[PDB]
Structure formats: structure tokens, C-alpha cells
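Below: the structure, in C-alpha cells.
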Amino acid sequence: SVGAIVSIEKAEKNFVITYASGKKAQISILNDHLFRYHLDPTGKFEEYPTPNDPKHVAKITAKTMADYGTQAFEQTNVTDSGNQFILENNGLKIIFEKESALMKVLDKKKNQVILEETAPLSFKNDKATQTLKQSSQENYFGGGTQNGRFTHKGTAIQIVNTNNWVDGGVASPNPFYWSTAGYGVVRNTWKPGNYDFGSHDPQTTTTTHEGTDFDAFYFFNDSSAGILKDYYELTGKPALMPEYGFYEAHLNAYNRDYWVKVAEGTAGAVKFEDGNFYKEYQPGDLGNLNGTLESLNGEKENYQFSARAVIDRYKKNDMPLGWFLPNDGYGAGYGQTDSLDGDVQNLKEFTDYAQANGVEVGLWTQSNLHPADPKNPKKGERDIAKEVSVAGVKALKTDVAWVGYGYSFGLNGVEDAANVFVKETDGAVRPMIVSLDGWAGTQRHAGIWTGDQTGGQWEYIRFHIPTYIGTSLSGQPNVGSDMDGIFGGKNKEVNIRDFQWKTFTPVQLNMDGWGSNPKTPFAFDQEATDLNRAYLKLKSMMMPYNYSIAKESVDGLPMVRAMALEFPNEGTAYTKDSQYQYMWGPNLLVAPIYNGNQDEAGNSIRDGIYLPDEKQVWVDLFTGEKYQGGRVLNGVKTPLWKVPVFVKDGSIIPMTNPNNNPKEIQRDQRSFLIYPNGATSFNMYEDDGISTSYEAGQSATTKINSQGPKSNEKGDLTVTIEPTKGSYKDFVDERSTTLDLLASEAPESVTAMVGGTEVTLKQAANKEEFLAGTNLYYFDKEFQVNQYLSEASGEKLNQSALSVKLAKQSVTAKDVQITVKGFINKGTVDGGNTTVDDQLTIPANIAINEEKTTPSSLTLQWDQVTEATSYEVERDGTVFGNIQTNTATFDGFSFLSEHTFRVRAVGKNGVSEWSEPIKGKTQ
């Protein structure tokens with residue numbers, strides 16, 4: 001409708017495009033790889049889109065056009081080469097066909113067209129639609145929290161505030177997507193949209209938003225970290241949670257409801273410490289029943305029904321607990337007095353008790369942050385200034401009735417809450433805000449949780465894994481959800497499995513009061529409780545690693561990483577083959593159990609464990625068992641106690657003592673669990689854990705370096721801890737050092753230098769001597785990464801480690817260099833030998849079992865090889881392993897689709913040649 005381009009002029013601040021219709025666009029060059037295109041068919045070209053309400057002043061962008069400076073614009077030239085206008089700088093050609101008005105972008109470094117319009121912008125039907133070429137290997141990420149999904153090629157996603165918390169919904173939309181071609185796009189709009197990544201026409205991608213304006217930021221970057229850094233520079237770097245936000249929370253209402261004494265076995269009865277059974281009632285549902293009224297502090301002959309009693313239960317069950325929210329939901333409140341001040345004092349009393357137990361307090365927070373007259377409040381009004389400054393609240397959970405309108409409501413809300421919070425604390429406390437119904441920019445103020453669903457069901461796990469991955473690919477690293485759901489429950493196995501994988505995630509919410517059982521890690525039998533504790537303690541021990549990858553996520557890759565972020569050169573990493581696993585930072589591959597499939601021994605059967613990189617050894621975190629990468633493993637037997645987690649051999653994992661909250665961490669120690677493999681590194685981040693001062697340069701980093709032999713080989717190992725750089729409030733300079741070096745033999749020698757001076761090390765004679773002393777080393781074949789899990793599993797889970805302890809030293813003044821001669825960490829590698837064994841027969845008579853053919857699956861069968869201990873099947877180029885019988889089935893295929901298979905035998909001395917390829921068609 002806009003027609004041909006008649007001119008592009010370099011104006012004072014931007015390039016002005018005039019179209020034949022008389023309509024105009026402005027191209028603003030912000031940096032050498034970022035530009036804004038604004039076609040304002042109404043003609044104003046004002047810096048910011050119109051929000052949903054004129055009170056909504058929070059902006060999508062965190063950096064103004066002016067803030068980017070004029071240098072990139074000055075260094076961009078417009079030329080008129082016949083049938084095209086071209087804008088060119090050092091990195092890009094932005095090419096406009098004059099007649100068609102179509103834009104394409106050539107990346108000069110690659111000499112490739114990265115983005116190409118295939119039809120002009122369409123403004124029909126009060127919408128603004130862009131039409132782009134899609135290439136055969138082009139994949140797409142983003143769109144925010146796209147429930148159940150992360151990889152969008154061949155699908156449409158809705159960029160809509162759906163208020164839908166389950167699979168197929170959008171708990172938190174974002175008008176941000178990116179392409180593996182090497183581009184990200186933010187639509188500079190508050191209006192809902194729809195991105196169709198070739199759902200019927202595979203060569204075309206359309207992006208649509210409601211409205212009359214087309215205003216977008218395009219950023220070009222050859223790495224996924226780069227695209228996310230561009231999104232963060234534009235819309236805001238993610239907030240860094242305070243350390244306590246990495247610990248599970250407990251949330252409910254304790255100010256309003258009643259417990260009624262009922263018979264044991266009454267539908268949803270709950271047993272309490274008096275040995276009696278009770279059922280909870282909202283006051284309006286009580287009718288003629290005799291009930292005990294809840295209170296926060298349990299001061300009214302009601303202690304077992306109080307919020308304090310719940311903190312006591314987390315302590316008695318030795319469970320980590322970061323924070324506690326006691327006023328969740330409309331009408332709940334936080335006191336029972338005749339005044340706002342009386343209620344604030346009741347909440348202060350609770351916060352004092354929580355803090356005595358190392359637990360912070362959060363509040364459910366409404367759009368009304370202040371009383372109508374803050375100097376004259378009424379009972380039941382809200383006052384964030386008093387709640388923060390008098391009662392000591394540190395965390396906020398946004399009411400869905402506040403942010404639930406979506407779009408500019410949410411961003412204005414979380415910006416207001418963050419800004420008033422840090423004003424009230426004078427920057428002494430950084431924000432801890434959990435929200436949903438977000439938009440572009442939300443991450444700079446708040447994390448999200450996925451809303452309300454029913455747990456006690458495998459679907460609760462299955463849909464959540466890709467949800468978390470896609471949230472993180474959309475520039476929101478602070479993602480969480482309810483532990484085993486707000487609704488339902490009564491499924492022990494699902495409860496254990498949800499605690500297991502969420503160990504390796506940012507935000508864990510025990511969202512209690514509405515379920516089939518209480519929402520706690522101690523709601524099931526002692527086995528479930530002991531396993532849940534074992535995994536929560538592992539997360540507490542991983543806090544230095546976790547906080548380090550959190551710091552990375554402020555200006556780089558998120559904490560929950562799609563496989564493609566870490567293995568960008570493998571096609572398997574980009575597809576639904578990667579929908580149920582992720583990298584927790586760079587070092588750990590997490591492949592949760594997400595269905596009820598079991599063998600006769602009660603092991604979960606885990607199919608589709610993708611282990612990237614044919615040259616990489618992967619190490620079971622719990623057992624030390626080794627696996628070769630370059631394969632997808634089927635039929636992996638996983639006991640109830642175990643979640644499949646693999647260490648990337650070479651990993652350095654900073655650790656700390658098991659702890660129930662950040663104040664129980666020993667700040668005068670540091671510890672490193674190291675899997676040496678060639679030359680690897682880690683940057684360990686730290687700060688005061690609580691304030692805004694990290695944003696004013698108050699933090700420290702420590703570079704740890706491991707230089708050893710390749711996986712399974714013997715050689716010299718040098719571990720260097722470089723001096724700690726930086727300072728902050730209550731920085732501890734004097735620390736002892738532990739290295740736990742996974743090792744299969746005693747070394748020839750261990751020497752230590754501390755700040756260029758030798759420290760004499762003794763070999764400990766036994767473990768008791770090692771634990772008692774310092775400046776020692778000890779070769780231990782009974783090393784336990786997690787004694788809680790050893791006890792809870794009934795398995796020793798012993799590994800072999802060379803452990804080294806050095807005395808307290810200044811971590812700023814003096815480095816550490818440990819040299820180990822004759823270092824080796826050797827174990828047999830499942831799939832390690834991929835060399836052809838000439839004596840191993842090629843599996844004979846490779847056939848499709850036609851009987852078993854369905855519209856979505858194929859079954860391949862072949863003759864036994866007597867010397868084979870397993871088989872591998874190559875499915876359309878993808879090697880599947882751990883096939884323990886002479887058949888395999890492959891799922892997730894289209895109707896009437898063709899697939900190519902080869903098979904080889906695996907024996908104790910390598911593999912057979914690959915069979916000839918065979919074809920199968922789905923019905």
C-alpha cells in the first residue's frame with residue numbers, strides 16, 4: 001500500500017525514506033549492527049509507542065536513541081545504485097529495492113544476506129505485518145514464556161497476554177524473536193501480535209502486531225550471546241537476584257482461613273503435630289463448622305496453623321528456605337488489628353521471627369502500593385513504605401489483578417515496585433520481584449513464574465522444561481514455577497522428580513494452600529522428604545557456581561541454556577530432540593524424568609538423552625560413570641533417587657558447605673570440584689548478596705584455571721587460582737581452599753605455591769586426618785559429592801578423588817598454584833570406542849516391522865549379532881545408542897513422511913561397519 005521508494009535522504013539524525021504514497025519511514029543507525037525502522041503512516045515519529053494508559057511511563061527501551069550516540073549514523077553512507085538505495089557502514093549493507101520497497105540486510109563479514117523481505121509491509125485490517133524469507137536450516141527462538149515450547153520453526157506463536165498458564169498458553173509474552181540466520185527483532189509496540197514461522201509455507205515467516213505503526217529494532221550478531229547482549233543493551237540487563245532468591249520459598253495466606261478437625265481419611269485431611277487431622281476452610285465456606293483461625297505468629301491458641309509453625313517445619317526437616325510470603329491473594333491480609341499500623345506491627349513480628357531463622361519475607365503486592373492518604377491510612381489499605389521500612393519485607397509477588405491487563409500495565413507496575421523498593425531501602429536491598437504477564441524489558445526489574453497449574457501429574461514436568469528453556473532464550477534468565485503445582489498432588493514420584501530437576505533452575509516456589517496436600521518438600525513419606533532434602537542441599541552447595549552463572553546471565557547467556565547455546569554447530573541442539581533437556585550453565589547437562597515409564601525393577605526409562613559432541617566425555621554427576629558424546633541414548637534406567645545429570649568433562653564447579661540460607665555459607669572457605677580435561681577455566685563471581693551496590697562496582701571475581709591431560713589420560717595437572725579482584729561490604733579476604741580433583745589413581749606428587757612461596761604438603765594417611773588437618777592432600781576412593789543423596793538413595797555413590805586443602809590466606813594478595821605429577825582420571829567410557837572392529841558382524845536383514853508402522857512412528861528390526869553388547873541406529877543422520885535388543889522405535893514424525901536408517905553392532909572392542917541405508921514411510 002505504501003508503494004515504491006522515491007528517495008532516501010540523510011537527515012540531521014536519521015535516514016528519511018519517502019514512498020510514492022507520500023508516506024515516510026525513518027531508519028536510525030544506533031550502532032554498527034543495530035538499526036530502528038519506523039514507518040509512521042500517520043506522521044509524528046515520536047520516540048516511544050503509545051502505552052495502554054497515559055499513566056504508564058515505563059519504556060520498552062532502557063537506553064534512549066540519543067544514549068547510543070551519533071557515531072554509527074555518521075559512519076553510514078546512502079547511495080543510489082540504479083534499482084536499489086543502499087545504506088552501508090563497516091558491518092552491514094541495508095539494501096532497498098526502489099520499485100518493490102523490499103529491504104534486505106547483507107552481513108559484510110559473512111558476505112551473506114541475513115534478512116530479506118519477500119513482500120512489502122502490509123497495514124490491512126488495523127495490523128502491521130512484515131513478510132520475510134525463511135531458509136531450510138533457519139531456526140527461531142523467543143516470544144517470551146511460550147508454554148510448552150522453545151523452538152518455533154514451522155509453528156505460529158501468539159505474542160499475547162493470554163492469562164493461560166498451561167501447555168499451549170503464554171504466561172508472559174515478549175515481542176522479541178531471533179533467527180539463527182544471525183538477527184534479533186524487537187517490535188517497539190505495546191500491542192498484541194502473532195509470529196508465523198512458516199507454519200504452512202515453510203519459505204515464509206510473517207510477523208504481525210495490531211496497530212497502524214511499524215516500528216522495530218533489528219540487531220545483527222553472529223553468536224546467540226551477542227543477540228541476547230543486544231536485546232539487554234536495548235531493553236535492560238536482567239536484574240541479579242539476591243542470593244536468597246536462589247533458595248526455595250514458601251507462599252500462602254495465614255491471616256484469614258480456618259482449620260476444622262475431621263476424621264483421618266476425610267477428602268484432603270491434613271495431619272498436624274497434635275496427631276489430629278484438619279481440613280482448611282475460607283471463612284465464607286465454614287457454615288456451621290467449629291474452626292481454628294490462622295494467624296501469622298500463632299499467638300491465638302492456634303500455633304500449629306500459623307506461618308511461624310511452617311518456618312519451624314522447614315527447620316525441623318532440615319530444608320533450605322530463602323523467603324516466606326504470608327499474605328498471598330485477595331482478602332488475605334497480614335494482620336487482624338483495627339489499623340494498618342497494627343497489621344504492619346504483626347507483619348514486623350513475623351519478619352523478625354523469619355529473620356531469626358535466616359528467612360526473608362515477601363508480600364503479595366497490589367496495584368494500590370500506597371493508602372489513598374499515606375499520612376491517614378485505613379484498615380486493609382496497603383503501604384509499601386511501611387511494609388518495607390517498618391516490617392522489613394524484602395521480596396514482592398505481583399497480584400494478577402494488577403499486572404493481568406498485560407503489556408504496559410505489567411512493565412509500569414514492576415518498574416514502579418522496583419523503584420519505590422530501592423528508594424525505601426536506600427539501595428541497601430536490591431529488588432526481588434516475581435511477576436508474569438511481562439513484555440519487552442520486564443527482565444530488568446522482575447523474574448517470572450508460569451502461573452497456576454495442577455501438579456501430581458507427569459504433564460506438569462513435561463510442559464515446564466521447554467517453557468523454562470524458551471523463557472531464557474527470550475532474555476528472561478530469572479524463571480521459576482510452583483514446586484509440584486498450586487493444584488493437585490498426591491503423586492510421590494512426580495513430587496520427587498519435580499524437586500530433582502528444579503535443583504538446577506533459578507526460582508522454586510512452594511505455592512501452598514490450594515493443593516491435594518500441603519506444598520512443602522516434606523508433604524510425602526520419609527523417602528520423598530530425604531530425596532527432596534538431598535537435592536535442595538545440592539543446590540545450596542552449588543551456590544558459588546549458581547551465582548556465577550547468574551552474574552553471566554546479567555549480560556550474556558541465561559542460566560537455563562537451550563542445547564544450541566552451548567553446541568551451536570550440532571543440528572540436534574536446535575530441534576525438539578532438545579526440548580526436554582538443557583545446560584545449567586556451561587558445565588551440567590540436565591535431562592529430567594518427565595513421564596511414568598518404568599521397567600520391572602521400578603527404574604524410570606529415560607529415552608532421548610542427547611549427549612552433544614562426538615569428541616566430548618560426559619560424566620554422571622552422582623556415580624562418575626562416563627559416556628561418549630555424539631549420540632542420543634534410549635532406555636536409560638533411572639532409579640527414583642536419581643535425575644540424569646552429566647558433567648562436561650573439564651568442568652570446574654565452585655562449591656560451598658551445605659546450608660539452608662545464605663547466612664549459613666562459610667565465607668572464609670572456598671571449594672572447587674574439578675573434572676580436569678585439557679585447559680579449562682571458570683570465573684567465580686561474588687558480592688554482598690543483597691544490595692544494589694553490585695551496580696556501582698562493588699563485587700569480586702576469581703579466575704580458576706585447570707591445565708591437565710585429556711579425559712582418561714595421564715599427565716601433569718596445574719590448577720591455578722588467580723588473585724581475587726574487587727571488594728564489597730563485609731568482603732572476607734582470609735579464606736582456606738579445598739580442591740576436589742576427580743582422579744582414578746594416587747598421584748606421583750602434589751606441590752603447592754601460594755603467592756610465589758612453596759607450601760609443604762603432607763599426604764594424609766586416612767580421611768579422618770585429611771578432614772582434621774590443612775596443607776594436606778588425600779587420594780580418596782570413598783569421596784561423596786552429596787552424602788545426603790548417598791543416605792537417601794541407600795547407595796554409597798563413592799567416587800575416587802585427589803583432594804587438596806590449603807591453610808587460610810589472603811585471596812587478594814596471594815594466588816594458588818597446585819601441580820600434580822602423574823594425574824589421571826580414567827574410567828571406561830560407554831560409547832568411547834567408535835573404531836570399526838573387523839571381527840564384529842554388520843547386523844543382517846535390516847527391515848521395517850510394517851505391522852508396528854503408525855502415522856508418527858517407525859519400528860526398525862534386524863538379526864542378533866552374538867558378540868554385540870548393544871546396537872546403534874542412525875535416524876536421518878542422528879546416532880541413537882544404548883539399544884539393548886535387536887529392534888528400536890522412533891517417534892515424532894509427520895504423516896506420510898520418509899526417514900533413512902542405518903544400524904551397527906557395539907561390542908567390547910568397538911563397532912561394526914554401518915549397514916546399508918533402509919527407508920520407512922509413516923501412514
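One-based numbering along the sequence shown.
- Between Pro431 and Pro242, the shortest heavy-atom contact is O-CD, 3.7 Å.
- A side-chain donor-acceptor contact under 3.5 Å links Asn31 to the backbone of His33.
- Distance check: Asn89 CG to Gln71 CD gives 13.0 Å after rounding to the nearest 0.5 Å.
- Distance check, rounded to the nearest 0.5 Å: OG of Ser651 to CG of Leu588 gives 6.5 Å.
- Here the CG-CG distance, from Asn174 to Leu473, works out to 12.0 Å after rounding to the nearest 0.5 Å.
- Scanning all heavy atoms of the two residues, the minimum distance from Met684 to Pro654 falls at SD-CB, 3.7 Å.
- Nearest heavy-atom pair across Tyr694 and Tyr685 is CB-OH, 3.4 Å.
- A donor and an acceptor atom, one from each side chain of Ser223 and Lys229, are nowhere located under 3.5 Å apart.
- Annotation for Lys63: atom NZ counts as buried by contact number, over 12 foreign heavy atoms lying within 6.0 Å.
- Within the 4.5 Å cutoff, the side chain of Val160 has heavy atoms near those of the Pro192 side chain.
- Surrounding NZ of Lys729 are at most 12 heavy atoms belonging to other residues, nucleotides or ligands under 6.0 Å away.
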Please list every donor-acceptor pair under 3.5 Å in which a side-chain atom of residues 47-58 meets a protein atom from a residue at least two apart or in another chain.
unit_1 : atom_1 : unit_2 : atom_2 : d
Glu47  : OE2    : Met65  : N      : 3.0
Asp53  : OD1    : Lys55  : N      : 2.9
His56  : ND1    : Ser408 : OG     : 2.7

Verdict with supporting geometry, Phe682 and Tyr545, ring pair (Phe, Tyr, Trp, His ring centres under 6.0 Å): CA-CA 9 Å; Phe682 194 88; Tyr545 176 82; 5.5 Å; yes
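- A donor-acceptor distance shorter than 3.5 angstrom exists from the side chain of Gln146 to the backbone of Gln158, with no hydrogens or angles considered.
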Could you go through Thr145 and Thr471, starting from their C-alpha distance and side-chain angles, then the distance that decides it, and tell me whether this counts as side chain to side chain donor-acceptor pair (under 3.5 Å)? CA-CA 5 Å; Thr145 303; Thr471 297; 2.8 Å; yes
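- Taking the six-membered ring for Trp, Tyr468 and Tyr582 have ring centres at least 6.0 Å apart.
- Atom CZ of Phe35 is separated from atom CD1 of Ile29 by 7.0 Å, given to the nearest 0.5 angstrom.
- Applying the salt bridge (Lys or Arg N to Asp or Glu O under 4.0 Å) rule to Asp107 yields no partners; only residues at least two apart in sequence or on another chain are considered.
- Remark: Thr365 pairs with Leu363, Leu369, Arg382, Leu396, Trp402 by the side chain to side chain contact (heavy atoms under 4.5 Å, CB included) rule, at least two apart or across chains.
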Is there a side chain to side chain donor-acceptor pair (under 3.5 Å) between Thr180 and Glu138? Walk through the geometry before answering. CA-CA 6 Å; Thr180 60; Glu138 191 165 7; over 6 Å; no
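- With rounding to the nearest 0.5 Å, the separation of CD1 in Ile549 from CH2 in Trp584 is 4.5 Å.
- Salt bridge annotation for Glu566-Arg561: present, with a cationic side-chain nitrogen under 4.0 angstrom from a carboxylate oxygen.
- Legend: side chain to side chain donor-acceptor pair (under 3.5 Å) pairs involving residues 236-245, not counting sequence neighbours, sorted by first then second residue: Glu243-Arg667.
- Looking only at side-chain heavy atoms (C-beta outward), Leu589 and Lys648 stay at 4.5 Å or farther from each other.
- Nearest approach of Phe150 to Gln579, heavy atoms of both residues: CE2-CA, 3.5 Å.
- Of all non-hydrogen atoms in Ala440 and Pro175, the two that sit nearest each other are N-CD, 3.7 Å.
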Would you sort out whether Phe176 and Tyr231 count as a ring pair (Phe, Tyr, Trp, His ring centres under 6.0 Å), showing the intermediate values? CA-CA 8 Å; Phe176 165 46; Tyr231 169 77; 4.2 Å; yes
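- Ring centroids of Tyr195 and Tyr140 are separated by 6.0 Å or more, keeping the two rings apart.
- Nearest heavy-atom pair across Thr151 and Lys576 is CG2-N, 4.0 Å.
- The neighbour count for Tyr405 OH, taken as heavy atoms of other residues, nucleotides or ligands under 6.0 Å away, does not exceed 12.
- Taking the six-membered ring where the residue is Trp, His38 and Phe45 present perpendicular rings, their angle passing 60° and hence far from 30°.
- Annotation: salt bridge (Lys or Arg N to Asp or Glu O under 4.0 Å) contacts of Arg36 (sequence neighbours excluded): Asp215.
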Checking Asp230 against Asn221 for the side chain to side chain donor-acceptor pair (under 3.5 Å) test, could you report, in this order, the C-alpha distance in whole Å, the side-chain angles of both residues, the deciding distance, and whether it holds? CA-CA 8 Å; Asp230 287 338; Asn221 215 306; 3.0 Å; yes
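- Summarising the local packing, NZ of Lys153 is surrounded by more than 12 heavy atoms from other residues, nucleotides or ligands at distances under 6.0 Å.
- For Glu74, the salt bridge (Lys or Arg N to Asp or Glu O under 4.0 Å) test picks out no residue, with sequence neighbours left out.
- Proximity of the aromatic rings of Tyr610 and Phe567 is defined here by a centroid distance below 6.0 angstrom, and this criterion is not met.
- For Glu116, there are no side chain to side chain donor-acceptor pair (under 3.5 Å) partners, not counting sequence neighbours.
- Of the possible donor and acceptor atoms, none in the side chain of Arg444 sits under 3.5 Å from a partner among the backbone N and O of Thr442.
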Would you please test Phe73 and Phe15 for ring pair (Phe, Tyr, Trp, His ring centres under 6.0 Å) and show each step? CA-CA 9 Å; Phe73 175 62; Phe15 297 96; 5.2 Å; yes
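- Electrostatic pairing of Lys109 and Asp222 counts as a salt bridge here, judged by a charged N lying under 4.0 Å from a carboxylate O.
- Remark: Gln698 pairs with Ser693, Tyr728 by the side chain to side chain contact (heavy atoms under 4.5 Å, CB included) rule, at least two apart or across chains.
- Geometrically, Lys539 does not engage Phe246 in a cation-pi contact, judged by NZ or CZ lying under 6.0 Å from the ring centre and within 45° of the ring axis.
- Partners of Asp196 by side chain to side chain donor-acceptor pair (under 3.5 Å), not counting sequence neighbours, listed by chain and number: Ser199.
- Using the six-membered ring where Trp is involved, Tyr177 and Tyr183 have ring planes that are perpendicular, over 60° apart on the 30 and 60° scheme.
- Remark: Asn683 engages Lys703 in a side chain to side chain contact (heavy atoms under 4.5 Å, CB included) (not counting sequence neighbours).
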Test side chain to side chain donor-acceptor pair (under 3.5 Å) on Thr702 and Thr724 and set out the steps. CA-CA 5 Å; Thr702 301; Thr724 303; 2.7 Å; yes
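- Within the structure, every pair that satisfies the salt bridge (charged side-chain N to carboxylate O under 4.0 Å, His left out) test and touches residues 430-443, not counting sequence neighbours, is listed here: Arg430-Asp687.
- Salt bridge present: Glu88 and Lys108 bring a charged side-chain N and a carboxylate O closer than 4.0 Å.
- Judged as a side chain to side chain contact (heavy atoms under 4.5 Å, CB included), and not counting sequence neighbours, the contacts of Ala25 are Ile17, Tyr19, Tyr37, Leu39.
- The CG atom of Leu121 lies 8.0 Å from the OG1 atom of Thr131; values are rounded to the nearest 0.5 Å.
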